[PDB]
Each structure stands twice: as C-alpha cells, then as structure tokens.
Amino acid sequence: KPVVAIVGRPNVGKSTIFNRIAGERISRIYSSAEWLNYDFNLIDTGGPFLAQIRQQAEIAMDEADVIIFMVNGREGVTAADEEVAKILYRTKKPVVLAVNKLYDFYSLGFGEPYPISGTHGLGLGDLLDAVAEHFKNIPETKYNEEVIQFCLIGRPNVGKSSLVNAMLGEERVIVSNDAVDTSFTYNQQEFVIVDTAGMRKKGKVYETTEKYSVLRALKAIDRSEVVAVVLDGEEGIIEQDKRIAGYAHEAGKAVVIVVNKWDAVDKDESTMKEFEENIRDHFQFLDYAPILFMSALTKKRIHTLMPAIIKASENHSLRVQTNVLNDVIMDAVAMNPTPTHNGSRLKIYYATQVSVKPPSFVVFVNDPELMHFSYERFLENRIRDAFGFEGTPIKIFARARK
Ligand SMILES: Nc1nc2c(ncn2[C@@H]2O[C@H](COP(=O)(O)OP(=O)(O)CP(=O)(O)O)[C@@H](O)[C@H]2O)c(=O)[nH]1
C-alpha cells in the first residue's frame with residue numbers, strides 16, 4: 001500500500017537501485033521485489049537541467065509517501081545535489097538520504113546518510129529499514145501540503161467548541177462549505193482543525209468515562225502539527241492536563257497554551273502573572289510554549305489565537321543556515337567552556353540541522369557520553385536566543401565522528 005519514490009540528479013544510479021527493488025508493474029507503478037521481506041509499491045519518475053529535476057521531485061512529493069534522495073559518493077556533494085535538496089525542503093513527507101557507489105552529506109540536511117552500492121547490494125537492508133520505519137506514520141486522511149493542521153485539546157467543558165466558533169467569526173476567516181475535520185482560510189491561508197466532530201460528541205452520546213476521549217485526542221495530536229492546549233482559567237489546572245500536553249511534547253508538536261474563561265476570573269495585574277507562573281511550574285517541559293489569555297464568550301483577545309498558531313507552525317518548520325548555527329554553537333562554547341567527566345573535556349567539532357517538524361540538530365563531538373544533559377539544555381537555550389523557535393520543541397543529539 002505505501003509508495004516509495006527515488007529522487008536524484010542524473011547519473012547517480014537511480015535505475016540500478018530502482019530495478020533492484022522493483023518487482024513487476026501493476027495495471028508508472030511497480031510493486032516491490034520478492035526477495036524483500038517488505039511489501040510496497042514504487043513509482044518511476046525519470047524522464048534545461050534544474051527544470052527536469054524540478055518535474056521529478058514535484059511528482060514524487062505528490063505521489064510518494066516516502067522519498068529516497070540519491071546522491072553520488074565517488075563525486076560527493078555537488079552544487080547540483082544542493083539544488084535538488086533545496087527543492088525537497090518543500091515537503092513535510094519523509095526523505096531518506098542514500099549515498100550510492102560506496103561525511104558532510106549531513107550538510108544536506110536530511111540526517112543520517114545511508115551508504116549503498118548497487119553492485120552486490122551492500123547497505124540496502126539498512127536503507128529499507130529506514131524507509132519502512134515511516135510506513136506506520138503514513139496519514140490516513142491526506143491533505144494538500146500548503147494546509148496547516150492543528151487541534152485543540154483540554155478537559156470536558158473548557159470551551160473548545162466555543163473557541164472554535166469565536167475564531168471562525170472573524171472578518172479574516174472564510175469557512176469552507178471525513179466529516180470530522182473543519183477547513184477554512186485565514187488571510188487566505190488554508191487550515192484544517194483536526195477532529196472538530198470529537199469536540200461535538202455529547203448531544204448524540206453519553207460520555208461515561210474519559211478513557212476513550214483521552215485516546216481519541218491522542219490520535220488528533222498525531223494528526224496535527226500544532227496543538228493548542230486549552231486550560232480553564234476559572235477551575236485551574238488538573239492531572240489529566242499535564243499528561244496530554246506531556247504526550248504532545250514527547251511527540252515533537254508545536255504547542256500553544258490557551259487559558260480560556262479569562263472573563264470569569266477576578267482580574268488585576270497580579271492574577272495574570274501568577275497564573276502564568278503557575279503554568280510554568282506545572283508544565284516545566286513547555287517553556288517554549290507561549291501563553292494566551294482569552295475569552296470565547298466575550299471575544300477578548302481571541303484575535304490573537306490564529307497569529308500564534310501561524311507563528312508556532314512556522315517555527316516548527318524552520319531551517320537554519322549551517323554557517324550561522326556553527327557560529328552560534330562556537331559562541332556558546334566560548335561564553336561557557338565545556339565540562340570534564342574524568343580527565344577528558346568534551347569537544348564539539350561541528351553542528352548541523354538534520355530535520356524539521358520539530359527542528360533537530362546533531363552536534364559532532366569528541367565522545368557523546370561526555371555531553372551532560374544540562375549542557376544540552378544550555379546549547380538549546382543559545383540556539384533559541386539566536387533564531388527564535390518560540391512554540392516548538394527542539395532536539396539536540398550528540399554523535400561521534402565516527
Ligand atoms: N465565562 C466563560 N464561559 C465559557 C467560555 N467559553 C465557554 N464557556 C462555557 O463553558 C461551557 C462549555 O463550553 P463548550 O464550548 O461546550 O466546551 P467544550 O470543551 O467544547 C464541550 P466538550 O468537552 O463536550 O467538547 C459552556 O457552558 C460555555 O457557555 C468563556 O470564554 N467564558
């Protein structure tokens with residue numbers, strides 16, 4: 001059922017590898033070979049220089065679910081490879097990097113490079129595990145890539161439906177028209193609210209336990225890129241709130257914290273500040289998440305919601321230039337020298353971004369064991385000051401050369 005495409009510039013070995021993994025055409029589409037302990041389909045995308053590659057990658061991004069990006073080892077990172085790379089940045093679909101005919105392929109921004117040789121198929125098993133690992137996250141409801149998908153989550157009666165209503169009443173919104181999702185544009189940009197139906201549940205059904213509502217909300221997050229955590233300003237914070245937010249975080253989604261029912265709280269300057277501090281103390285792992293106070297009922301500050309979601313989404317998607325990132329790491333190191341761990345002091349040789357949604361970074365080191373979690377936090381903070389990243393978690397992995 002899953003579909004795999006091979007993308008690269010010409011003379012890299014696409015046809016060899018492709019013919020190797022292709023079984024027979026179906027009736028262009030080929031299914032996978034018999035020798036593979038893996039079931040999937042391939043799509044051929046082959047037949048100016050930048051304009052023909054433009055066609056291929058486009059076709060893959062629409063048709064394929066997982067894309068293999070092929071470069072040439074013996075040559076290396078050619079500027080021609082760097083162009084194809086730039087094209088593929090245009091997709092939220094998974095890309096695995098293959099290096100044919102076989103160390104700053106990391107400096108192409110797709111993470112670990114999988115060496116192969118279409119000779120006696122060396123390295124192919126690792127390549128296919130990476131490719132296949134994505135098959136489970138293949139969305140069931142598929143939207144256009146320009147669409148920004150988000151969900152609202154929070155306990156019974158926080159005002160999810162009401163916040164939605166209030167959002168959709170603004171002059172800037174045009175609502176369209178799975179009978180679970182709501183589509184609309186805002187400043188003519190496309191959005192989908194995941195699983196609005198689930199918010200409108202009772203009225204056809206008695207909720208009798210929360211346990212199914214929880215699990216369904218988890219599937220809505222899996223489907224989103226931004227999660228609005230909505231808290232009741234009147235009744236405060238509870239245990240269930242931490243858990244669902246916990247999941248969102250561990251899943252690497254952008255997060256915005258929404259405090260609804262602000263109208264129903266005794267407000268002076270202090271109460272807002274204390275409620276904010278309260279949230280930072282209960283949700284210690286969400287410091288990157290901004291906090292919006294509003295009221296779905298009075299419409300106070302409700303016009304701040306969509307801008308914040310747009311911003312969290314952008315930061316979730318952001319790609320840094322490597323040169324700037326390395327300036328920033330080395331600046332962090334100068335200001336704050338690295339710790340020892342028994343005679344041996346951590347050294348950082350180089351950093352690259354390996355992926356987006358959420359942004360992830362690899363720093364090449366001395367030895368990964370020497371990098372304390374607290375120093376990791378510190379490097380994360382320095383990257384935040386330099387680039388922004390409000391509204392998204394970020395990941396830093398330490399790896400050894402070599
Ligand atoms: N004071 C105040 N009350 C609100 C606000 N938003 C919603 N309410 C009230 O809270 C109750 C729940 O609103 P509702 O939109 O159904 O919350 P929900 O979370 O969508 C309901 P479910 O949990 O079933 O999905 C309603 O009585 C509504 O009038 C608000 O901003 N301020």
Side-chain angles (χ1 to χ4, degrees), residues 1-47 49-75 78 80-81 83-102 105 108-145 354-357:
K1 184 78 93 71
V3 196
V4 176
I6 305 187
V7 165
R9 74 176 160 90
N11 286 42
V12 296
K14 299 198 286 303
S15 323
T16 329
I17 306 305
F18 186 100
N19 291 337
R20 185 164 273 277
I21 63 201
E24 294 163 351
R25 214 203 320 169
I26 330 167
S27 49
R28 269 291 134 264
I29 325 182
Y30 302 74
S31 67
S32 59
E34 326 307 314
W35 61 268
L36 281 143
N37 305 308
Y38 282 123
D39 204 80
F40 60 92
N41 294 159
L42 272 315
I43 190 85
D44 183 321
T45 64
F49 184 78
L50 171 144
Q52 295 161 32
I53 307 166
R54 197 85 189 85
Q55 265 285 296
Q56 292 183 206
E58 233 88 82
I59 270 151
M61 291 164 161
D62 317 333
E63 281 261 279
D65 296 294
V66 190
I67 287 158
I68 297 166
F69 170 40
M70 202 159 281
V71 307
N72 192 328
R74 301 277 141 96
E75 320 205 38
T78 75
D81 285 316
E83 298 295 284
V84 189
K86 288 175 192 185
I87 289 168
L88 299 166
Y89 295 160
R90 269 144 193 79
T91 196
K92 299 169 281 182
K93 281 172 170 171
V95 179
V96 192
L97 171 63
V99 178
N100 216 341
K101 324 276 193 60
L102 268 202
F105 305 98
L108 275 165
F110 302 104
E112 207 205 322
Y114 289 95
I116 61 176
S117 54
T119 296
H120 283 272
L122 288 197
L124 285 181
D126 284 331
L127 186 54
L128 304 149
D129 295 343
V131 164
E133 270 185 41
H134 298 286
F135 296 172
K136 58 179 172 280
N137 312 318
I138 294 181
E140 325 203 344
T141 316
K142 296 182 194 187
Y143 286 102
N144 197 74
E145 201 109 67
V354 293
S355 70
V356 295
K357 298 195 95 53

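Atoms considered below: every heavy atom in the structure, side chains included; atoms not considered: hydrogens, waters and symmetry mates. In this chain, numbering begins with 1 at the start of the sequence shown.
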Quiz item: Does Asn41 reach the main-chain N or O of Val3 with its side chain, forming a donor-acceptor pair under 3.5 Å?
Solution: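 No, because the side chain of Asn41 does not come within donor-acceptor range (under 3.5 Å) of the backbone of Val3.
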Quiz item: Any sub-3.5 Å donor-acceptor pair from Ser355's side-chain atoms to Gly111's backbone N or O?
Solution: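 Not confirmed, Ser355 side chain does not pair with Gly111 backbone.
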Practice problem: Using salt bridge (charged side-chain N to carboxylate O under 4.0 Å, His left out) as the criterion, list what pairs up with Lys357, not counting sequence neighbours. | Solution: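 Partners of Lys357 by the salt bridge (charged side-chain N to carboxylate O under 4.0 Å, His left out) criterion, ordered by chain and then number, come out as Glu225.
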Practice problem: With sequence neighbours excluded, tell me which residues meet salt bridge (charged side-chain N to carboxylate O under 4.0 Å, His left out) with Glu112. | Solution: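 Not a single residue meets the salt bridge (charged side-chain N to carboxylate O under 4.0 Å, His left out) criterion with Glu112.
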Practice problem: Check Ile29, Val4, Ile26 against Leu42 for a side chain to side chain contact (heavy atoms under 4.5 Å, CB included) and give me the one that passes. | Solution: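 In the set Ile29, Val4, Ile26, the residue that makes a side chain to side chain contact (heavy atoms under 4.5 Å, CB included) with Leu42 is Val4.
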Can you tell me how far the [atom1] atom of [X] sits from the [atom2] atom of [Y], to the nearest 0.5 Å?
| X | Y | atom1 | atom2 | result |
| --- | --- | --- | --- | --- |
| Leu102 | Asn72 | CG | CG | 8.5 Å |
| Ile59 | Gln56 | CD1 | CD | 8.0 Å |
| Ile67 | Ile6 | CD1 | CD1 | 11.5 Å |
| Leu124 | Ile116 | CG | CD1 | 5.0 Å |

Exercise answer: donor-acceptor pairs, residues 84-94 side-chain atoms, under 3.5 Å, sequence neighbours excluded:
{"residue": "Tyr89", "atom": "OH", "partner": "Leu108", "partner atom": "O", "Å": "2.5"}
{"residue": "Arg90", "atom": "NH1", "partner": "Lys86", "partner atom": "O", "Å": "2.7"}
{"residue": "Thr91", "atom": "OG1", "partner": "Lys93", "partner atom": "N", "Å": "3.3"}
{"residue": "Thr91", "atom": "OG1", "partner": "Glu145", "partner atom": "OE1", "Å": "2.4"}
{"residue": "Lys92", "atom": "NZ", "partner": "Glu145", "partner atom": "O", "Å": "2.9"}
{"residue": "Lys92", "atom": "NZ", "partner": "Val147", "partner atom": "O", "Å": "3.1"}
{"residue": "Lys93", "atom": "NZ", "partner": "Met61", "partner atom": "O", "Å": "2.7"}
{"residue": "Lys93", "atom": "NZ", "partner": "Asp62", "partner atom": "O", "Å": "3.1"}
{"residue": "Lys93", "atom": "NZ", "partner": "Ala64", "partner atom": "O", "Å": "2.9"}

Self-check item: Flag side-chain contact, heavy atom, 4.5 Å: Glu83 against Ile53
Solution: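 They are not in contact (no side-chain heavy atoms under 4.5 Å apart), so the answer is no.
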Identify the two heavy atoms, one from [X] and one from [Y], that lie closest to each other, and give their separation to 0.1 Å.
| X | Y | answer |
| --- | --- | --- |
| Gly73 | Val99 | CA-CG1, 3.7 Å |
| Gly118 | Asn100 | N-OD1, 3.5 Å |
| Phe40 | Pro2 | CB-O, 3.4 Å |

Return a table of donor-acceptor pairs under 3.5 angstrom between the side chains of residues 8-24 and protein atoms on other chains or two or more places apart.
{"residue": "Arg9", "atom": "NE", "partner": "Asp81", "partner atom": "OD1", "Å": "3.4"}
{"residue": "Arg9", "atom": "NH2", "partner": "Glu75", "partner atom": "OE2", "Å": "3.2"}
{"residue": "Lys14", "atom": "NZ", "partner": "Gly8", "partner atom": "O", "Å": "3.1"}
{"residue": "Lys14", "atom": "NZ", "partner": "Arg9", "partner atom": "O", "Å": "2.9"}
{"residue": "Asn19", "atom": "ND2", "partner": "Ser15", "partner atom": "O", "Å": "3.0"}
{"residue": "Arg20", "atom": "NH2", "partner": "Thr119", "partner atom": "O", "Å": "3.3"}

Practice problem: With sequence neighbours excluded, tell me which residues meet ring pair (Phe, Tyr, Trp, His ring centres under 6.0 Å) with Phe105. | Solution: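 Applying ring pair (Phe, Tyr, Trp, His ring centres under 6.0 Å) to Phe105 gives none.
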Quiz item: For residues 128-141, which residue pairs qualify under salt bridge (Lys or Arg N to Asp or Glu O under 4.0 Å), counting only residues two or more places apart or in two chains?
Solution: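 The answer is none; no pair qualifies.
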Quiz item: Of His134, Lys1, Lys142, which meets side-chain hydrogen bond (donor to acceptor under 3.5 Å, both in side chains) against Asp65?
Solution: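 It is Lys142; the other options fail the test.
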